[PDB]
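Right, one structure below, let's go through it.
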Amino acid sequence: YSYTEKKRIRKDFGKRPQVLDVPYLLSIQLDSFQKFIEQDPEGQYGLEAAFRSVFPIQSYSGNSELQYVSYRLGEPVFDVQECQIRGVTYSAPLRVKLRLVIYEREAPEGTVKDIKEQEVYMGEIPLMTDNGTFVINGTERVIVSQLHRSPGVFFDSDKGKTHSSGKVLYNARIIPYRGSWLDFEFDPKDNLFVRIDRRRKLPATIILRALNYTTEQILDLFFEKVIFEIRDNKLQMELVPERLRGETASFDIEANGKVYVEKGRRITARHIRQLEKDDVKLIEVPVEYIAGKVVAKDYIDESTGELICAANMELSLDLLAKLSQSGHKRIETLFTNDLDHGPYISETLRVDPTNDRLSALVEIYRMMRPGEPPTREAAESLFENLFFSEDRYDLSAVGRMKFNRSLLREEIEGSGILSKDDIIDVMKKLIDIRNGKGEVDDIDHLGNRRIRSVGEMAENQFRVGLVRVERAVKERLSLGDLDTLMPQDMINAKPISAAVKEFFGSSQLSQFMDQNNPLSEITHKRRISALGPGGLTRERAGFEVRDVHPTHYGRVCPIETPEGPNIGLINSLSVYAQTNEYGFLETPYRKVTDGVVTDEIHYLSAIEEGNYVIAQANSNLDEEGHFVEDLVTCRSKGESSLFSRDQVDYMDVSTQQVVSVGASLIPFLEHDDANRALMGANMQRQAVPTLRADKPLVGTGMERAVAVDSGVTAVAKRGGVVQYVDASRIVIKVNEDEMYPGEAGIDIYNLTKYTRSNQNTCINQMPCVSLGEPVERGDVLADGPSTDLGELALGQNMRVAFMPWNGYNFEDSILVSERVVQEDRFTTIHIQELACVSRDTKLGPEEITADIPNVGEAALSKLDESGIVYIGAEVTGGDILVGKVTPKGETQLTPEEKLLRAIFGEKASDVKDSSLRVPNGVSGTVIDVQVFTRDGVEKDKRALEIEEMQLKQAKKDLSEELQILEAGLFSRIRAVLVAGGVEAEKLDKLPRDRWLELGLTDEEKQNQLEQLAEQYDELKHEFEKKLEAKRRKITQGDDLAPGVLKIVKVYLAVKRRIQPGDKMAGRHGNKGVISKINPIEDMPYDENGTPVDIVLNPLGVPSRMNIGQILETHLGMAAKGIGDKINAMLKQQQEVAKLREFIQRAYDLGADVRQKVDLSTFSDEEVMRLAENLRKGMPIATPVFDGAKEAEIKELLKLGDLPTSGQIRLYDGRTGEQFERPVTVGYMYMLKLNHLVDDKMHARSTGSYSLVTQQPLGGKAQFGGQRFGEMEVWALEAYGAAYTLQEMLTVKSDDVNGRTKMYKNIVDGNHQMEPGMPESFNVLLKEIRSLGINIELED
Amino acid sequence: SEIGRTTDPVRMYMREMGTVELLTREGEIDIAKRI
RNA sequence: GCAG
Ligand code: 118
Ligand SMILES: [Mg+2]
């Protein structure tokens, strides 16, 4: 166990023993970025590979060069939290050591005239925090892994979807990592064509002639020859007998003898074997056997020098006669047998108009750069810049691996650019696929799709920035100032840093992190995305890429995926899925050696997984390893079948191998329909953290893993004893086993209290341990948001009854009791930041002040004299938080306002109230105020007060860390001093600082005292230089945006309580909106008087078949039935013998479970602490697809003395009489989702209007206005509502003169409209008349 | 010739501009003498 | 990125 797991042991019902613990759930992000920024002496990964890919940089003339020696990341200027506060990226400076070598002018080598070596700064690269996030502009962003088509050659088809003849048309496509695409394809006439970058197609032999192949060499490559040799007479023909497989001869075959097959008779393999048994190598055929045969060589004359027949020339008897007259007794001829060796290449040698290499290069030029006259020296440079230069074409290492793997080569490494051999082999494999001896690639196979992740996309963008700077440094190196310039005078850091800046901030895959709960974070990091740059688009992405493939098994979750327009494009990585070193997903299996399932795991990729046959995880096996069955369900080719127990090669490592981490948390997942499992998996990530986290009574066993492997919690790095514990810090006194020599031996954990998540929730850590408690390496010391004792806890254990109640849970509504509101169960804290920005305007600067015009002194009662609100103020909607006035001019009073002010004399004010106010309906507590002043603006009293508070706090925190650490050092010194020459009567009175220099008998202990005194002196040296850094970071002026003078950010904390409209859910896709908050006495109650907390609709179960939610209810009643049994034993104060016996009877229940809790090894203190943690219900673990059977649920129900049907009889609370049927009552785990009705309710009568067209503005942030779309206009045209429609068009929206007349008419009590023309129609008329089209209105 | 295969004005400018052969050191002198 |  642990000491943190025997506080409360979750009763495990899983039966399969696990052989592979769940890995670090954020390995994708952390490993990718570690490959990116770590030093790699081999030079394959990250910044080192990117630098060696660009450097060295020769000049145009080669006289000088800029080479690269090493790089180095600086330390960040601000730590992560200062970056989140000041709104700046958390990055490290990339300092790269370059060397400018100047060769000599006249030298046999260009010997070194000079070297100038120095360290040039190029850019700041953002840093992954220790949780897999980036703080980019103060917001935490996750760079999502991309799933893109691997580079390589992909053979595909369109399955007769062209030319209506149902003819399957094949195409190869060479896709590189970077560079021009190269496709070959077939047309309906069986002619091989080629496209380059998907522009118009050429005959494919043009790219064969651009490579220096002639027509004769082409026909050599793609064909084999039937040699006709003229012996004595009658056209002897060399014979290879297998070329005669399956034809009908036009002539009988006689070779020196027996007639094998007569005329017009079909030839079968017996005839071929017969001809080879006779060893037939020669025929004499009819002379018209050459009517149609194509010569395969260049046959010219020797007598008259006339070119008789060049290559690719179809022969005829007259041509045969004129060819034989020149002494040509040897006639080489193409062997094209139909349906196995087509004429495709010899057919395209006739369709291309090209005869020579230069004409082919010209034709490729004309296709590529049209309209421009092709010259030789540019057409022959365009081609060797297309696919054959490393500057422009990189097929990469994955590209070359997949390339050779597709062409069945044995070498997996090579050059990144194409070759003659590669292109020719691709054409050969395309022709083979046409000839029926190949198969097209499945493009959604996960052997053809590749995970490109953070440290690879970041390196790609960095290398783009590097080529941007190296073109400029090539341009600068070829100048004549070459003797007096250093390398940092020719490096521009701004392109390089701008590439990574736009990647990390503006890419589609660099996303604002989900920070609702720990599950949202840790599932946003394990997210795969088909979209992004270099991937699909959610509109153009078809049906087939959105589907779940058979190779998604164990690699990509089938159920956790979105539900709207990008479904199947955003995927989630499965629990055990890794990536190859190439990026292809792989998943672990157990090896089955001889029928014995070994516990040796192998990570199989999607293509290897299809070779073996692989057992299930639900496949039973006994303790010897052997399958207890003999006919095992397995998967062999993506096909799934039954096999013997000795065909089985591998076995799935776990029963939850197939699902993601978020779907691994749905108990009884195997009973939900896959749609409702998808919805539950997607609504666990929208659940906000409540006030008091409540463990699930029914979990699956992944809750500890999700809570720890996400960094929301504070896990002990070294074991020890809690020396001090406090709501904001935990001081652990390390064991002497785990501490290093010369060390204080104390770990301080500073907890995070009431900070804002990205979703404005609060992320607050509470110390889980108590004082003096022994903790171990890995225990949870502090529960973060939505965790309870280290277990992920997203909702609360509500008591549900499934029954229709008086209409109030109609159509997915939820009827909540009032005790769920009294008990503050789903009350969640939400923290808003509101900024008031004092800018410099052209009429004078805005000032933050408490002398606000036209506002009484009751509203300015919460503001201090600086004009800012007091911290701790209970504000409501409409209250001023930051008083600010703007200077204004252009007053221009009306005549009536002039008279009104000449009567009363109350003059107009020259400043305009521009205050920051609480938004309407918000009611909360100011918990923090931050003031940012541009350097040069004087600070008000409050900014100085806040700075002095921050300096006090910095000095206090650093003096307290020094006090804790020096107390630990003095305790270690006291422990070492008494190990020899004991001073136990002397030591505690002498001044402790002299223990640093007390020379003892040096056996070896004075060495440790030397190191401990060095440690103390270093701590004293270090505290001062940390405190001075903190002082100069606190008092320094802020780098604000241009124009702004100061920024006041006020943080409101709003406790939102549950209320009708708030959307609750469970783990099984059973979402719902609260319809009524019912009194306690109205709720249905059982015979003991305990009312139900939540009444759900039973009609929501059978149509959407998430039966799991019923079982989790029945089990959640069993679990609580155990708890309220133990609870009883703690109120009668039974002996610990009776408690120990009953809890042991509860943990031993179940049919062949994997866990054994033997708590005779528990002390009585440990048993009473456990029994105290189980008094609110004993938590159960129902692993996914391995969970508690129905019989085990009934047995545990019988142990808690509850009815085994799970259905008790309930009484109506209102009339006191019984509902006529038993009612399912149990404890579901309800989640409060982030769709709160406080955030959705909006209303607007009049407001601000859009600028160009005068319609209302868009969203409830800008006071909105709802879009009366096109469909609603049709809905009003379908009734005859002409007047309602005409006011939706003119006076509610666009009519500028009609909207104010309608307003003053409503106020006058005259509900009548004076509609004009919509302004947007006038905008349209003016935008058509600006097109040179006179559009008019005819009177 | 290549007329009609492009609509890009920069390709058209370059194509029409390249029909004029450059001047040598003594060609510029002859042209300036003519001016 | 999400909600229906
Ligand atoms: C541009 C390109 C394609 C589509 Sb679409 C579509 C629409 C909404 C949400 C998702 C996808 C589409 C195209 C190819 C394959 C699959 C979908 C689309 C096209 C016609 C009619 C309706 C939708 C839309 C705009
Ligand atoms: Mg979007």
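Protein chains get the first letters and strands the later ones, always in sequence-line order, with residue 1 at the start of each. Side chains are part of it too, since the values below use all heavy atoms of this structure and drop only hydrogens, waters and symmetry mates.
Rounded to a whole Å, the CZ atom of A/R527 is 6 Å from the P atom of C/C2. Rounded to whole angstrom, the span from the CG atom of A/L1233 across to the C1' atom of C/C2 amounts to 12 Å. Atoms CZ (A/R526) and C1' (C/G1) sit 19 Å apart, rounded to a whole Å. Put simply, CE on A/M513 is 13 Å from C1' on C/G1, counting in whole angstrom units. Note: CE (A/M683) to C1' (C/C2) measures 13 Å, nearest angstrom. Distance, A/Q759 CD to C/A3 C1': 14 Å, rounded to whole Å. Rounded to a whole Å, the CE atom of A/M679 is 14 Å from the P atom of C/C2. As a whole-Å value, the separation of A/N682 CG from C/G1 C1' is 12 Å.
Nucleic acid contact class of A/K1063 (heavy atoms, under 4.0 Å, all strands): sugar-phosphate only. Note on A/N1234: nothing from the nucleic acid sits closer than 4.0 angstrom, heavy atoms only.
With the nearest nucleotide of RNA chain C identified for both A/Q511 and A/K1071, A/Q511 has the one nearer the 5' end.
Under a 4.0 Å N-O distance rule, the pair A/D928/A/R756 does not qualify as a salt bridge. A salt bridge between A/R825 and A/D694 is present, with a side-chain N of the basic residue lying under 4.0 Å from a carboxylate O of the acidic one.
For A/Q686, a side-chain nitrogen or oxygen approaches OP1 or OP2 of C/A3 to under 4.0 Å.
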Pair up each side-chain donor or acceptor in residues 677-686 of chain A with any protein partner under 3.5 Å, not counting sequence neighbours, and list the distances.
{"unit_1": "A/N682", "atom_1": "ND2", "unit_2": "A/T561", "atom_2": "O", "d": "2.7"}
{"unit_1": "A/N682", "atom_1": "ND2", "unit_2": "A/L678", "atom_2": "O", "d": "3.2"}
{"unit_1": "A/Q686", "atom_1": "NE2", "unit_2": "A/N682", "atom_2": "O", "d": "3.1"}

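Ring geometry for A/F668 versus A/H671: interplanar angle over 60°, hence perpendicular rather than tilted (30 to 60°).
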